[PDB]
Amino acid sequence: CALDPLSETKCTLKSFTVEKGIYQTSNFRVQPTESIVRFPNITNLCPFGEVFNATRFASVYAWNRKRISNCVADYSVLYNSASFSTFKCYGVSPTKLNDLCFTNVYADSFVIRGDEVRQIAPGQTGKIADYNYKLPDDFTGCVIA
Amino acid sequence: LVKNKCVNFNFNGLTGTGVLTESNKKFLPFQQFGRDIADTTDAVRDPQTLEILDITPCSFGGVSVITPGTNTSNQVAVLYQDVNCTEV
Amino acid sequence: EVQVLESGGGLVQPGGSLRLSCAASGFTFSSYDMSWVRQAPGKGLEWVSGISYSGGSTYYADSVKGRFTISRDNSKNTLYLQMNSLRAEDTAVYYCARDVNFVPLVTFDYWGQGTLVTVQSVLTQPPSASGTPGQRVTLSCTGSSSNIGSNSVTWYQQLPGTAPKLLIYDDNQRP
Amino acid sequence: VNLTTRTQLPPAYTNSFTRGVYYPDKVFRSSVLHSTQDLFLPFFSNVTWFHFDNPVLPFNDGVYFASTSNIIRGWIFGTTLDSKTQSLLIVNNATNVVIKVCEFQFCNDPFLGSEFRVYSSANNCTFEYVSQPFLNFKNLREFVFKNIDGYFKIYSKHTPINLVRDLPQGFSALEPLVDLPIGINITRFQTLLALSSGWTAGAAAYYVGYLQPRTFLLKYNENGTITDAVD
Ligand SMILES: *[C@@H]1O[C@H](CO)[C@@H](O)[C@H](O)[C@H]1NC(C)=O
Ligand SMILES: *[C@@H]1O[C@H](CO)[C@@H](O)[C@H](O)[C@H]1NC(C)=O
Ligand SMILES: *[C@@H]1O[C@H](CO)[C@@H](O)[C@H](O)[C@H]1NC(C)=O
Ligand SMILES: *[C@@H]1O[C@H](CO)[C@@H](O)[C@H](O)[C@H]1NC(C)=O
Ligand SMILES: *[C@@H]1O[C@H](CO)[C@@H](O)[C@H](O)[C@H]1NC(C)=O
């Protein structure tokens, strides 16, 4: 039941002799040649520079916190930026960051010591994590140093 | 954007299979979908360039076979119902 | 568990090719830099190459520069070393080491079990040092202003026949 | 403390004949009679006729607004306010509507004159928009405010009219104007008016109708605009 149009008739009628007439053997449908995912051109890019490219950061004890919403943010540009030496994402994966949506983002900006950057991971202890800026172990975010 | 091809379009959250053709439907400046009495998506506004496209379901239908008696002859003609001549 | 399995090691011939693949689970593999490190049978560790969190920046040892390609597929969270135009000096055991921190303060904490591939050191650390129980032994690394002075010094203790283990990172701390 | 001029005035009522119909969705329909169940203003309903008078009003299931020299500037949607809870405040001083769901400190007296003293300051803002201006009597501006799924959507239409009292006859569908992902609950609101104690007032009437889960039948014409409706 796959080589001849006649054979499909023999197969639908379940007979080896097909009487004269017209027989609706099967159905066809032109298949999607491809997929066209289309969205409106980006209109509300987020200003990461306001927090990242800021000319004056804040002390770690008085760390700045900037709310990000009413906006679209491309975290792939940050992740694929050579300026950042550390991009540690906890609770999420950076490759899927553009895939997900959140109610709001908080950019917590401060300045610490190099030996001290490893204190901005969930569950870490010391003098920055315990005393200056603590991240919960149930952390859904990223750290960019 | 590709027109005149059966595609799996995903205009915003609205997904569907069909062929996209430029049209003259005058969507109001706020309208995105188009619909008919059957409550089926008929037209869509292209999100990133403000244009109106109709979603014609891709050529589909029954495949009837016209055959004389098998004892008479083995020759066969094929009738693709309600479809233009596309693939032979 | 932050274990990193690794495979792709076996008998090959000089001038050929070999794909080593190590899969990391238990952590965000796409956020931590990783590297391939090499240990010749009965010889000190030789760091093959290293790839960043994004896979954009790749670093290679000049002994293997221009013939090994380090690659990283974050979707399957696996990481590959493509060894091409191999030499006789490359017969060793390979590990892929997770990098705790950014470069330059590299810190290799978790290491693969070891893939046996069959086909000079900048830091003039002493060949050996003899100690006694209850003694206070100081085994001293040595480097230039680019090796020791500017970047963190990390100490690994490799037991006989096992993967290395981090002891000291950032010049002072312990895991 | 409120304005020094709070004369007693009963909440006069009028009849919204066919007003309050808005495109329930962004769908285009041509020569179609669509029967949708949604929150509309009932036909021939008793809508309150406020006239300088803006007493607080409930926002139970979204409310229709009918405003007939740009005297109204916006509205103050709140639940507890008093710097206790965030609230929606819209201000159109001069062709400049601004949307702020902030922890405002608005004093019950939205003093204004140009002079602005509606709220001392806004802190803890979550959404800020600077979109293009949304806004006998000459212009009638009808609005519909609604809260579905946290989303706050404003349908609106500005119509050149000739009238002095009540709402004009005829039919005009309220085109969607802007949707705000506020995501917060709201139950009460206010209004904002241009008119430091002996301040006069200007001629301005605004009518408040209340949306209800009604079933309507919209007559989309050939061009897709809703030309007629029967509830
Ligand atoms: C900061 O400035 C640099 C200048 O090259 C630019 O490339 C980068 O995108 C900026 N980053 C942000 C977050 O604005
Ligand atoms: C959106 O981008 C497209 C492609 O560049 C352009 O043709 C169109 O004019 C843009 N429209 C807007 C919303 O600016
Ligand atoms: C509205 O209520 C007032 C006061 O009871 C009444 O006089 C008027 O007839 C009512 N109008 C409508 C539209 O029902
Ligand atoms: C700010 O407003 C938000 C609105 O949801 C509220 O939850 C929060 O408690 C307020 N306080 C601060 C300072 O965020
Ligand atoms: C649609 O708009 C056209 C002008 O473009 C107008 O002539 C026509 O009357 C409108 N629709 C109706 C009511 O037929």
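The residues of chain A that appear here are 291-435 by Swiss-Prot count, in order.
Placed from the backbone N, Cα and C atoms, the Cβ positions cover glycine too.
Among the candidates A:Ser316, A:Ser325, the residue that Swiss-Prot annotates as O-linked glycosylation site is A:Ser325.
Just one residue in A:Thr307, A:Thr323, A:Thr385, A:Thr415 has O-linked glycosylation site written against it in Swiss-Prot, and it is A:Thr323. There are 23 other Cβ atoms within 10 Å of the Cβ belonging to A:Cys379 (disulfide bond).
Geometry remark: A:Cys432 (disulfide bond) versus A:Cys291 (disulfide bond), CA distance 57 Å. A:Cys336 (disulfide bond) and A:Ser325 (O-linked glycosylation site) are 29 Å apart (CA-CA, integer value). Cβ crowding, taken as the number of other Cβ atoms within 10 Å, peaks at A:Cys336 among the disulfide-bonded residues A:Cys336, A:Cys361. Proximity of the recorded positions (A:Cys291, A:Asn343, A:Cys379) to ligand 1: a Cβ under 6 Å from the molecule is found for A:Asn343.
Candidate disulfide-bonded residues: A:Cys291, A:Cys301, A:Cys432. Fewest other C-beta atoms within 10 angstroms, A:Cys291.
Taken residue by residue with DSSP, A:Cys379 (disulfide bond) is part of a strand. Rounded to a whole value, the Cα-Cα separation of A:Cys301 (disulfide bond) and A:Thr323 (O-linked glycosylation site) is 30 Å. The distance from the Cα of A:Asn331 (N-linked glycosylation site) to the Cα of A:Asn343 (N-linked glycosylation site) comes to 25 Å.
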